[PDB]
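>>> how does the following fold in three dimensions:
(5 chains, ligands or ions: 2)
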Amino acid sequence: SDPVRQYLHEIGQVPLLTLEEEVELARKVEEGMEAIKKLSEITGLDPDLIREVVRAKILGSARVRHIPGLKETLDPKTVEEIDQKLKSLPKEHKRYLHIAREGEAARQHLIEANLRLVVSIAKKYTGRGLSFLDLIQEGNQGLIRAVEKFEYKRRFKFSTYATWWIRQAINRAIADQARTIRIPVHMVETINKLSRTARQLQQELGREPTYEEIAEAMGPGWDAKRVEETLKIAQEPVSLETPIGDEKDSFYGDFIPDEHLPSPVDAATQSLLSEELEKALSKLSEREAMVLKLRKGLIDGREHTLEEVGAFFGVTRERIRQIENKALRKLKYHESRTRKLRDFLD
Amino acid sequence: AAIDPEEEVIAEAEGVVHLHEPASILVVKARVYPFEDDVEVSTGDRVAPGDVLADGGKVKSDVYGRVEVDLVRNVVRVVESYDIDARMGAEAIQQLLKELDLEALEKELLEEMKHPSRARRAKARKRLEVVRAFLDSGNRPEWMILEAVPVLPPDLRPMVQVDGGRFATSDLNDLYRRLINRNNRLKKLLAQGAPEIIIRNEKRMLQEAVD
Amino acid sequence: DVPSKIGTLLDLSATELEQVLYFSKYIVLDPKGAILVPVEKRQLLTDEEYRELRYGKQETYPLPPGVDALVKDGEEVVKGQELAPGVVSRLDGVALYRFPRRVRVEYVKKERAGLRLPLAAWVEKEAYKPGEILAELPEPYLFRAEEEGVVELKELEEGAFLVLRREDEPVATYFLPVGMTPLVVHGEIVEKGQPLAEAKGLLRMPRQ
DNA sequence: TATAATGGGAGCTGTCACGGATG
DNA sequence: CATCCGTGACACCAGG
Ligand SMILES: [Mg+2]
Ligand SMILES: [Mg+2]
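Numbering: from 1, shown residues only, chains lettered A, B, ... in the order given. Ligands and ions are numbered 1, 2, ... in the order given. Have a look at this structure:
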């Protein structure tokens, strides 16, 4: 019914670890990584492929998919081939495969045991743009990173090292996803710094600060125009479905006129313009009308050069330029006489 | 062993070892199988009775279960469990919908239509109407499950700049962004070896995003 | 959209279809000979019911501080069999130790010792098992040293060991089985012929 | 990147008819 | 063959 309730119930199944169980799991994970490295030393294969095969066998055939960094599409046939290449090893070599399998099996439970910490940390990041469950999943990703980066020799409990990566992942997610118009993480840091500076300035001034006071409190390089540009660049969009009125029959988008598609007046004026241009070009000879049409793009879109029009009509570029000039002159004369094209110039 | 070498325990002379005072005791429903030679199956493998365990084929499997190679105790343990295929979600439902012969079920429901019970005849008719809709139309039932979510053309969910130079946009963009973020996080969680709880939560959130 | 066009085609109710679609229960597609009554296809298994079938049944119990176990590592167990003076197992199967907090090493020691006894008290044999009577004395007898040196008294659980050394070099190794009360302390100086112990009545081998 | 940290928190208050579920 | 429950639907234009 309530997905947060359901997740908090599934999390309450894996029991918390006693210090001994925690240290044992971390040690198995580290020794399994070492064993994967040794297996890559022996086999000459790629360590990532080996880790993926061990991980697949520990998880089962329920999850077998292509890994981006792997050069080979990881399908059960290839994982069986590589598991056979690993099975055809001496005893003192296959012991490393055993160690790797148990290391992956320990990594799984090490994550599942501390999944509660992610919830207890992510509950404090609500309201900042992401759903509770999105925060929880990003914290779980951070927890995976912390598992793969832990070192049990330092005698620190796992929570101390895990909280750092959990916070890191939650904050990176908030920075990367909480804006419809995505803003780079450094610019989000700058905009948050600007917000906090303005807030402290208002807490000391009894009013909202101006651009100049914020630029003061921001340090060197910050003028008023930079503060204004930073505030403008951080404006989030508003919903086209925003309600207008108490009755449920008006949206904010209902009042935004469409500027892209031409109006009936625009299309009709363009059509009459093309027709009047053809009427004015027919008063020329075929060659000079065609020269202007080729020089301006009314034929094939683009504008040709004097050399192209001259080689197309079989004259010198000077001659094609002279007949273009006389065509324009006859058009100017006809326009001064009839004035049939002036109103189109606005 | 220990963290640093000056904390280890090295046996001074010949002797036998005895374990006492455990932190906690674990009672498994498993089956022990000690071994002496090169073991043929690694940890996590699923095995049925009569399968080769270790020692070139000497020791074999007695029960259904999962392999726990124990190099410390030098025993190939097996904990009772079958390789039962049980899924969750639209994946399982799409499987069941794909493996569905429409004519066979139509025949079963027609047989059910001759039952003396009125409610059973009614429910057989209600099922058979859907069956015959799919039959006469040509639509596969599994198509009721989405693999490729369509995306509406952008001009029908605009990102427009209002007179004030600010932007106004449609809600479908935020719903699609929810969907895409959750989908990408699921693809990455699958790329890595994320455990069951996490992947399950992610798939549930993805389904509710599509909803 | 009730009645569901998916739940109707598969004879799945609204509740079951929600439980499967939004990840609350499993649905079997090929039970591979599972048994919970054997598992029939299209059966709703809960999370506990799925883990008991896919990953086996187990449990872990806490031992209070300093309390030793009443069972041993790797040994089978019956349900209800008390695993410890404060732990009763709820199931049957192979018990396992997680973290032994005390390792006891019984070291092997094969040495050579001596002992002098009156002939009318001996019980002649080619060897002596533990607990076996070595002699029976009608009167107290004083086992006397046969070397001069410093006493290295090494008491076992029952019975003792005496070693004499002149210049820190071992010169005699005597054995005092049960029934012999050593009359010397560690590091004592002894001349030839002085009482090192007193046997009284029966004397037998120690159990260790 | 390392002390330890291990399960959330609102909710806020029609009126009828209809078809399906259950009991 | 009933009761209970979840889910639909509940006037138009105007200005907002
Ligand atoms: Mg400044
Ligand atoms: Mg209106």
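>>> can you tell me the centre-most residue of chain C?
residue C:72 (5.7 Å; C-alpha atoms, centre = their mean).
>>> cool, chain B as well?
residue B:87 (5.3 Å).
>>> which residues touch the residue nearest to the centre of chain C?
residue C:95 (C-beta atoms under 8 Å, 6 or more residues apart in numbering or on different chains). The C-beta positions use only the backbone N, C-alpha and C, and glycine is treated the same way.
>>> got it, and the one 10 residues further on?
Contacts for residue C:82 (C-beta under 8 Å, 6+ apart) come out as C:70, C:88, C:89.
>>> in helices, which of those residues appear?
Using DSSP state H, no member of these sits in helices.
>>> between those residues, which is closest to residue C:200?
Residue C:200 has its nearest neighbour among the contacts of residue C:82 in residue C:70, at 38.0 Å by C-beta to C-beta.
>>> what about the residue lying closest to the closest one once chain neighbours are set aside, neighbour count?
Of all residues not flanking residue C:70 in the chain, residue C:84 sits nearest, at 5.2 Å (C-beta to C-beta, 6 or more residues apart in numbering or on different chains). Counted with other C-beta atoms under 10 Å in any protein chain shown, the neighbours of residue C:84 add up to 18.
>>> so residue C:84 bridges to which residues?
residue C:87 (DSSP bridges).
>>> residues touching the closest residue to residue A:57 other than its chain neighbours, list them.
With sequence-adjacent residues excluded and distances taken as C-beta to C-beta, 6+ apart, residue A:57 is closest to residue B:44, at 5.6 Å. Residues near residue B:44 by C-beta under 8 Å, 6+ apart: A:57, A:58, A:60, A:101, A:104, A:105, B:66, B:67.
>>> where do the strands sit along chain A?
Here chain A has its strands, by DSSP state E, at A:238-239.
>>> quick check: the residue of chain C nearest chain A.
residue C:99 (4.6 Å; C-beta to the nearest C-beta).
>>> nearest spatial neighbour of residue C:107, chain-adjacent residues omitted?
residue B:15 (3.5 Å).
>>> cool, residue A:197 as well?
The shortest distance from residue A:197 to any non-neighbouring residue, by C-beta to C-beta, 6+ apart, is to residue A:217 (5.1 Å).
>>> write out the residues of the stretch 151-300 of chain A neighbouring DNA strand D.
A:151, A:154, A:156, A:157, A:158, A:159, A:160, A:161, A:163, A:164 (C-beta under 7 Å from any atom of the strand).
>>> OK, contacts around the fourth one?
Which is residue A:157. The contact partners of residue A:157, by C-beta under 8 Å, 6+ apart, come to A:19, A:22.
>>> any idea how far it lies from residue A:209?
Computed with C-beta to C-beta, to the nearest Å, the distance linking residue A:157 and residue A:209 is 44 Å.
>>> do the second one as well
For residue A:154, the distance to residue A:209 under the criterion C-beta to C-beta works out to 46 Å.
>>> swap in the first one?
The gap separating residue A:151 from residue A:209 is 47 Å, by C-beta to C-beta.
>>> before we move on, the earlier item: got a winner among the contacts of residue C:82 for most neighbours?
Compared across the contacts of residue C:82, residue C:89 has the highest neighbour count, 20 neighbours, by other C-beta under 10 Å.
>>> isn't it up against residue C:70?
No: the criterion here is C-beta atoms under 8 Å, and residue C:89 misses it with residue C:70 at 10.9 Å.
>>> quick check: nearest residue in space to the residue of chain C closest to chain A, chain neighbours excluded?
Spatially, and ignoring its direct neighbours in sequence, residue C:99 is nearest to residue B:23 (3.9 Å; C-beta to C-beta, 6+ apart).
>>> do the same with residue A:37
residue A:47 (6.3 Å).
>>> that neighbour: what's it in contact with?
A:36, A:37, A:39, A:40.
>>> so how far is stretch B:158-171 off the chain centroid?
Centroid separation for stretch B:158-171 versus its chain: 43 Å, with C-alpha atoms, centre = their mean, to the nearest Å.
>>> so is that stretch next to DNA strand E?
No: on the criterion C-beta under 7 Å from any atom of the strand, stretch B:158-171 is out of touch with DNA strand E, staying 14.8 Å away.
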